[PDB]
Structure formats: C-alpha cells, structure tokens
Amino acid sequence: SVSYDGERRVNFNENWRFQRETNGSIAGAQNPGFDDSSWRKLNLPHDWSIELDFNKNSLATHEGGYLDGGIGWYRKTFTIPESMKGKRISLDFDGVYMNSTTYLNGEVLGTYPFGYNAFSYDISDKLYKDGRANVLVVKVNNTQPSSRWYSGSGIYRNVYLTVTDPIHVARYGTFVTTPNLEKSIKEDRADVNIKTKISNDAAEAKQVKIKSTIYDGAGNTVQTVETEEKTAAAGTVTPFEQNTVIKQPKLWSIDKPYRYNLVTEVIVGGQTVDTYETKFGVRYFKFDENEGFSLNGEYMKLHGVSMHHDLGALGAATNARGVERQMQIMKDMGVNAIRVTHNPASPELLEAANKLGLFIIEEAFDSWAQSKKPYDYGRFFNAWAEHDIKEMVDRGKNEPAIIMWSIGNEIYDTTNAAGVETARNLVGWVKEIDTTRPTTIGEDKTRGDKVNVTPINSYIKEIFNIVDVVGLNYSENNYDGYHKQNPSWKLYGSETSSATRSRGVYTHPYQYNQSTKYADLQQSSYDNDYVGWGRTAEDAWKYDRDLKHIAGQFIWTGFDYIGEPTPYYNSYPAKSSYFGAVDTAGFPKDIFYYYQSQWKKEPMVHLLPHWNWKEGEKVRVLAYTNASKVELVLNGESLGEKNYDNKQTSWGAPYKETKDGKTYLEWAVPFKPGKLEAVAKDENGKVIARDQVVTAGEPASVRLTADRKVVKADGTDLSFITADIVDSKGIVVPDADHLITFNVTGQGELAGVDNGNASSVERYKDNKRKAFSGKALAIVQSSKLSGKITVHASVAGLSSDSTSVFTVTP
C-alpha cells in the first residue's frame, strides 16, 4: 500500500521483486497470479549487470565490459489508498535499459525500446479501486550485443507515480524563456516569457486561471502574475502565455550557477487544485563563426569532456551524489562543459551541472536507421526517433546548463541521401519543441588522412548546413580549413584525443605509440599512448588553443567507463576503458594535472612519475604547470631550472610553451632515493607553487580517507573512502597491489569497491579489492537512520585502519 501524504510525485522505487532469466523463458511472469514469493526483493534504482561476475563468454564482449544482460523481470504488487481516489496517476520511469514491456494487472501498458529516455504510462483507470492488489510487471529485454560501451541492464534510474487533480499542468508543461536577453540586460532587466499547458482529463469543461510566481534562491517573491479565466475543454490541452520581468536579475554562469524557481498554481473555482515547480536560470550565449563561444557576453573556450553514464562500481544505477562527485572532479580539472555521449542524461546529471556550473550538450542518438550493433536502437529508429528526440528536448528545455542539442554521433547514414532527409526531420522535430538552443552533430567521417583539409562528402556537407553548429570528431586537420571555406559555420571538436593511459603507469617514456598493446595490459601516463585516429592530449589541445573560432573541445573522455578497453580488443581481462583523465574510481591520472596546467588560473605544479626506481636508472621526469619556470631539487640539491617562453596566439592571448613546442617541463634524472621537489616560480623568481614526489619504504599499513565527513541519512547519499597502501612515514607505495578487506558498521552499507584498473576482472560488488598503483576505493551508502558510519580496512601483514562519517536527517 502506497504512502501518500498529498505530494505530486511519489517515490516508487521500493519493494520490487526481481529475477533474471538464466534457464530460458519464465512462463507467466507477467500475470497477476504468478508466484514470486521466492524472488529476491530489492529497491531501485538497479543495474543487474554490475552484480554479475565478469564473463569472458558474454555476448557483450569486451565492448560492453564482459557483463551479461539478457532478459530480466521486475514485479511490484501494491495497493492505492483512499486518499488517492479520483486522482490522475501516471507511472513514470526516468529510464530502463532496454526494450521493456510493462504489464499491469495482466494487460500490456506498452513497450519502450530506447534505453536512455524517461517514459510514462497513465494508469488512472487501470488500477483496481476496491483495495484489491495491483501487479505491475516490467520485462526488460537487453539481448546483446546492443552497445559499443557498458550499458548496464534493468531499471537503473528512479521510478515515480505522478499524482494530480484531473485538471493539471501537463507533462513537461512549462516552458520558461528569456527573449532578447542580450538587449534587455543592457537596461538591467530580464524579460521572462512563460508558456503553460493545462490538461483537462475530467468529464466536463471548466474555467481555469494560472497564477505564476517567481522566487529567488533564498525563497523571496520576485513576481506574481495571474491570468484571466479561460475555458478548458474536457479531454484537451489548453495553453496559457504570460510575460513578466525580473529586475537586476542574478545570472546563471559557470562561476555562479544561480537559479530562480517558478511556482505554477492551477486555479479552478477560487481553489488551487494543482501546483508545479520549474527551476530555471537566466543566461544568454552565442556561438560566433569567427570569435567562438561566449556566455552572458563573456568570451570563453569550452573546456569540455565526454562522459558515459555509468558510475563505476555502482554500474549504471544512477545516484545524485555519485554523478555530482564526477562533475566536481571535472570542475577541479578545469572543465566547464560536458558532452553527454551518446544519449540523454539522467536527471541527476542535469541537476549536477545546473547546480555546480557546467554546460551540457545533450545527445540523442548513437545510430539512426543503420545499426552499429544488431540489437541497438537502429531497428526501432524509423518508428521511434520523433518521439525519443522530442522526449529529450521537452524534458530539458528549461535547464540552464543545457546549451546545445546533438542529433547524433558518428552516424553511418550521413554519407547518403536518406541520412540528409533524416537530419532534416530530426532538426525539425527539435525545433517544434525548442528554438532557443542550437542543434549540432558529432561527425567523424571528414577525418581523411588527418593532415590535409579533407574535401567534404557532399551529403555530410548538406547536413553540416542543416544543423546550427558543426561538431567534428578527431578531425583537427579541418578546423581552420572548413572555417575558411564556409565562413558562416560554427565549429568545435565534438570528440578529441582519445589518448589512452593507466593510473600510475610509466612505460616506454620516450616513445609515442599508436593503438599499441603491451604485455602488462596497461597504457602509459606520459601522454604517449593514443589511438591511431586520435592524438595526444597536448596535440589535440594545441589545435583548439591556437584558433579563436573553434568554440572548444570535448575530450574522449573525462572519466573512464566500463567497456571499450581500446586498444585491447578481445583480450579479457581487459574490460574497462583507458581513455579517461580520471579512473572509474575518481582517482586522477597524471593527465588530469596536465589539463589543469592548461585550463586553470590558480598556480600549480605536478610532478611525475613516482620516485621508486633502481639506483642510477635515468628517469623521465615531467612537471605539469602553469608557472613560468620550475626548479627541481633532489634531496636538497638543485638539478636546474627549466622555463617556458611567454607566447601569444594570433589574436594576442598569452600562453606558455617551451622554445621547442612542449606545454610541460622536462628533466632526465638519474635515480637516487629520497625526495624530489619542484619549485614553481613566476618571472621574478618568486615561489608560487610546490610539489613533491618521495621514495616510499616497505608497505606498513592501509590508510583510509573519506571524501566528506558528514552526509545525509536519506538511504541514497554516499561517502567515498580512499584506501591507500602507505609506508611507515605515510607515503603511498606507488606500485602496491595488496588485497584490502573492508567492513562497514553503523548507519550505512557498502555499495561497491573499485581500483580503476581496466584489466582487472575483480567484482565491483564485493567487500574486498586489490589496490592499484597504491590505491583502492570503497563506496558507502547511508541508511535512513541518522547516526554514524564506521569503515574498517585490513590487509594481511599490515596495520588496519578505520574512519568515520556522520549521517544526518536531511
């Protein structure tokens, strides 16, 4: 029996039964009378794939991380209270991967093929009204292979009931805009336009008004605006439109992500019968064909990353804090933009970007009608694409972080006439919902020989003219050239670099290799392993850095993700990616610091590699840094300064680079144990940053560090616990791989473990994990009881350790 205290959306994640087909088809699972009493009980969100052992024979292959999908069944038996009688009730899924069929009381509600959009079924008249039990079933069909990356399987995003009066705001029924904010801002005002759609799902017409109130971030009223009454015919939708104003508006920006909140009151016979909230931001931006990108009139480059949807040891199961953490770590790297590759975002991700200050480019599709994998969305595209792309846009049209809608990635169809037709449609469908943001596409097939300005396929060129902003994948050779040939075009790197690297691995230091495999199943962190179609981080950066018209880039990728262990194809146990600047565990690789050095003002310096080598062996030592110069000191003895030249772009923007082209500093140092220090200075010789690398002793203990010492006792919030293997002096042992055992006590539960090792096939859902390059991770989830969490860790032969996190009733 459902908990209803009058809320408009009810959390419906609890008390499901779940069972995966392992022995062929489960007869009668969709029927109300089926007996599921011995099935596992669990709460959503849930990813069934992540709980399985890695399976070298999985149909997912390396591409999908060697984790099985298949057919999964979810069942919920429930009743509706008296308090909901005569309400409208919709069952609302934020996402299910993939191809689900939903049954209610034996009847099919629907089949939903796409795995990354929200969807909804109205069930108002379909529920039994006596207090007899309803039986809801979701059959999930993730037959493989369906995906070029790890998808997860099941109901991996939240579920809700939406409960309203028969007269209500429609799904996604508000649209808030700020027209001509470019100009209106000059007189310190924002003109706010508000379009509201009201459904009448009652028997008879009714007289309806809308009261619209804007609050600021503190809760203060800013405007109130009420309409005339209006006839709302039964069984229809009736539109309302209002204009108002905000004086000295606080703008949403990357640095100051401010939002307002619109409360919409639907009023019938002097009674407010429905209430709907719309969080929104006030901001304007522009892609300019010569000057690149700006936000609120401020020129900036898009320092972007691409991100897949999994959250590491959590699998696909979404989590507000989980994504938020990913986004904070990207902010620390200097990132201001996210390409959500290659499918819509969870609500949680959107919210993270809205709250922390990140642009979003949201992409609908990884294929159109021509499949990349046999069970992907290609087979559904002609029937469903209009629906699915409109769902994306309609869902997100008020979100200030979102700045661009991408109609596809690396789409085969773009080299023929059918694909040009399809692009026209898609762009049209977008614009039926939202014309305030540019459309785009990510395109790889103009890459050519990576050197000459590739003559453009004529169909691709038609399509670049159909979208508003042109995204190039791996095609730096065309950045300037296509700009000169097509002066009206706006261009950016929609996907770049795809350099490959393992955390703490320092191999073949003086060779730059392409798509090359090693016996260790790792890749080097000297920015010297990258795929044949790509580039070093540095090289991809320079192309962008040097051109004003290039709006920016989106590297492949910000975070590692499960699957696509390129260049190790078909080499179990390589199962997860090497592309990320940060590993699946949230631990930065050295290249994170390189991006800082290029993208942030705060002075820093970062050395690599570690300082555990053989005596006399000559070590390639690098400093990533935005200082003018660095002095390197080994055991108190100077090894010399190295410096950048001050350079400028062709438009006069300064940047740092050596006489020989390097965007970092380098020494070659014969190894002597001790302490290697870097002293970063400005031109005047003044010290502005430091970093150290220190030879570690024998492993002595494990050491725990929690990322936050207080979290919410809401059953979903998370604490991330770093476990380091250290020597007796607290230095991390840089190549340590000791098995660590974790135990959680108090008001929380272990939710997963990880070390970012791409060629580990250790369980994520377990309570033990080896360190990798000295580090592992434990993720803990709070319960609904406030109190305190204690995490204990131990390693054979070393001292144990403990740390604590308080949890608080929100």
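Residue numbers run from 1 along the displayed sequence.
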Practice problem: For the higher mean C-alpha B factor in the entry, choose 563-571 or 278-286. | Solution: 278-286
Quiz item: 33-41 versus 46-54: which one carries the higher mean Cα B factor per the record?
Solution: 33-41
Quiz prompt | Member of 577, 536, 513, 628 with the greatest C-alpha B factor (per the PDB record) | solution = 628
Self-check item: Candidate residues 445, 373, 325, 230, the one whose C-alpha B factor the record puts highest
Solution: 230
Self-check item: residue 765 by Cα B-factor - lowest, middle or highest third of the modelled chain
Solution: lowest
Quiz item: Lowest, middle or highest third of the chain for the C-alpha temperature factor of residue 474?
Solution: lowest
Exercise. Going by the recorded CA B-factors, say which third of the chain residue 80 sits in, lowest, middle or highest.
Key: highest
Quiz item: Comparing residue 434 with the other modelled residues of its chain, is its CA B-factor in the lowest, middle or highest third?
Solution: middle
Exercise. Relative to the other modelled residues of the same chain, rank the CA B-factor of residue 354 and answer lowest, middle or highest third.
Key: middle
